[PDB]
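*Asks:* experimental structure and sequence below.
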Amino acid sequence: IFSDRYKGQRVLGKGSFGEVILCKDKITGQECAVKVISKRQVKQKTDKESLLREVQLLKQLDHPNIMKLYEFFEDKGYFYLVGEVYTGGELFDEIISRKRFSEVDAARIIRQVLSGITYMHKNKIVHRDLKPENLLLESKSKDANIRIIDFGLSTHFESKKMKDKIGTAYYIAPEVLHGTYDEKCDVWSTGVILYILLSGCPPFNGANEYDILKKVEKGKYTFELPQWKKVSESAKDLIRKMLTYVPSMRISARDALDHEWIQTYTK
C-alpha cells in the first residue's frame, strides 16, 4: 500500500487525472510527487491487468526529458502514481519572464521535447494531450532540462474540465477529434507548441473551445502574421511537415528530431 512506502506533506497542485501532493520516502527520505487519481471521478479505459502491465514498462523507462515513474498503488477509493518531483515550474512561465527569445532558444526546447517523444514512441507509449502545462522545468537552475509529464495516462484514464477545455483545444490533433488516433498525434501537438514559440500566437484560434476545435478540424493555418517574416524558411518547413493533416502522411518524431533546423539550431 501507499502508507507503507510514502508519507504525505503539502498539495503541490492539480494535474490532469487527479491532484498532485508532495510525499517523502519512509526509508530514503527522498521527496517525490504523487498523483491521486480518484476512482469516483476518473473512469478506467483499460482492463485492471493491462494498466499494471504498462505501469511496469513505464517504471523501467529512463530518459532526461521524461518524468521518471517510481511506483504505482491502488485501493478501493483511489489510484496512486509516484514519480520524480520537479521544482522549475512551467516552461512557458520562464519563457514569458525572459528578456529575449530567439529561434535558437525555441529549437533548444523543441529538440528536448522531440527526444522525449522519440523515446516513448520507440517504447509504444503515446501522450495525446501534450500541451505547455505538460512541459515542466526540472529545477530553478540556469541550464535546467525540460521534463514531459502525464505520458501514457490518457491511454488508461478518462471527467469535466471547462476551465481547462479551451487550453487543451489549441494543441489537440484532428485524428483524436475523429476518434481514430495513433502515435502521430504527439507530433501535431509539438507542431502547435513550435508554432506558438516562433510567433506567440496559436495556429488555430477562436473565442471559445468549439471555435478552436472547428479550426483544428479544418487543419488550415497561415504564416501571414508579421512575426513570420523574421522566422527562417527551415523552421516553417518543419512546422509544415509537423502540421500535415493526414497522420499517415505526417512525419514521425524521429524524422522531426532529424531536421536541418533542429540540427543547426542546437549542437
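*Replies:* Happy to help now that I have it. Residues are numbered from 1 along each chain as shown.
*Asks:* now the residue nearest to the spatial centre of the chain. Nearest residue, chain neighbours left out?
*Replies:* Compute the mean C-alpha point of the chain, and by CA atoms, centre = their mean the closest residue is residue 130, 3.3 Å away. Among residues not flanking residue 130 along the chain, residue 189 sits closest, at 4.0 Å (CB to CB, 6 or more residues apart in numbering). C-betas here are computed from N, CA, C, even on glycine.
*Asks:* isn't that neighbour right next to residue 135, touching?
*Replies:* No. Using CB atoms under 8 Å, residue 189 makes no contact with residue 135, being 10.6 Å away.
*Asks:* so between those two, which is more surrounded?
*Replies:* residue 189 (24 against 21; other CB atoms under 10 Å).
*Asks:* residue contacts, the more buried one?
*Replies:* 127, 130-131, 171-173 (CB atoms under 8 Å, 6 or more residues apart in numbering).
*Asks:* quick one: whatever helix or strand it lives in to chain centroid distance?
*Replies:* Using DSSP states H and E, residue 189 maps to helix 185-199. Taking CA atoms, centre = their mean, to the nearest Å, one finds helix 185-199 lying 11 Å from the centre of the chain it belongs to.
*Asks:* please apply the same query to stretch 2-19.
*Replies:* For stretch 2-19, the distance to the chain centre is 20 Å (CA atoms, centre = their mean).
*Asks:* can you give me the end-to-end span of it?
*Replies:* For stretch 2-19, the first-to-last residue distance is 15 Å (CA to CA, to the nearest Å).
*Asks:* the chain: strands as residue ranges?
*Replies:* Residue ranges of the strands in the chain, as given by DSSP state E, are 6-14, 19-25, 31-36, 69-74, 79-84, 135-137, 146-148.
*Asks:* give me the common contacts of residue 189 and residue 135.
*Replies:* Joint contacts of residue 189 and residue 135 (CB under 8 Å, 6+ apart) do not exist.
*Asks:* picking up where we left off before, deepest of the strands of the chain, which one?
*Replies:* strand 146-148 (a mean of 23; mean count of other CB atoms under 10 Å).
*Asks:* for it, name the packing helices and strands.
*Replies:* helix 103-122, strand 135-137 (3 or more CB pairs under 8 Å, 6 or more residues apart in numbering; DSSP states H and E).
*Asks:* any idea how the chain splits into domains?
*Replies:* According to curated CATH domains, the chain comprises the domains 1-88, 89-267.
*Asks:* pick the most deeply packed of these.
*Replies:* domain 89-267 (a mean of 17).
*Asks:* from residue 141, how far off is the residue nearest to the centre of the chain?
*Replies:* 24 Å (CB to CB, to the nearest Å).
*Asks:* then residue 102?
*Replies:* If you go by CB to CB, the gap between residue 102 and residue 141 works out to 20 Å.
*Asks:* residue 10 now?
*Replies:* Taking CB to CB, one finds residue 10 at 22 Å from residue 141.
*Asks:* try residue 77
*Replies:* 38 Å.
*Asks:* roughly how far does the nearest residue in space to residue 117 that is not next to it in sequence sit from residue 57?
*Replies:* Of all residues not flanking residue 117 in the chain, residue 253 sits nearest, at 4.3 Å (CB to CB, 6+ apart). Distance from residue 253 to residue 57, counting by CB to CB: 18 Å.
*Asks:* how about residue 226?
*Replies:* Residue 226 is 46 Å from residue 57, by CB to CB.
*Asks:* give me the phi and psi for residue 161.
*Replies:* phi -140, psi 80 (degrees, to the nearest 10).
*Asks:* what sits against it?
*Replies:* Here residue 161 is in contact with residue 168 (criterion: CB under 8 Å, 6+ apart).
*Asks:* over to residue 259?
*Replies:* So residue 259 contacts 234, 237-238, 241 (CB under 8 Å, 6+ apart).
*Asks:* rerun that using 10 Å as the cut-off
*Replies:* 107, 110-111, 114, 234-235, 237-238, 241-242, 251, 265 (CB atoms under 10 Å, 6 or more residues apart in numbering).
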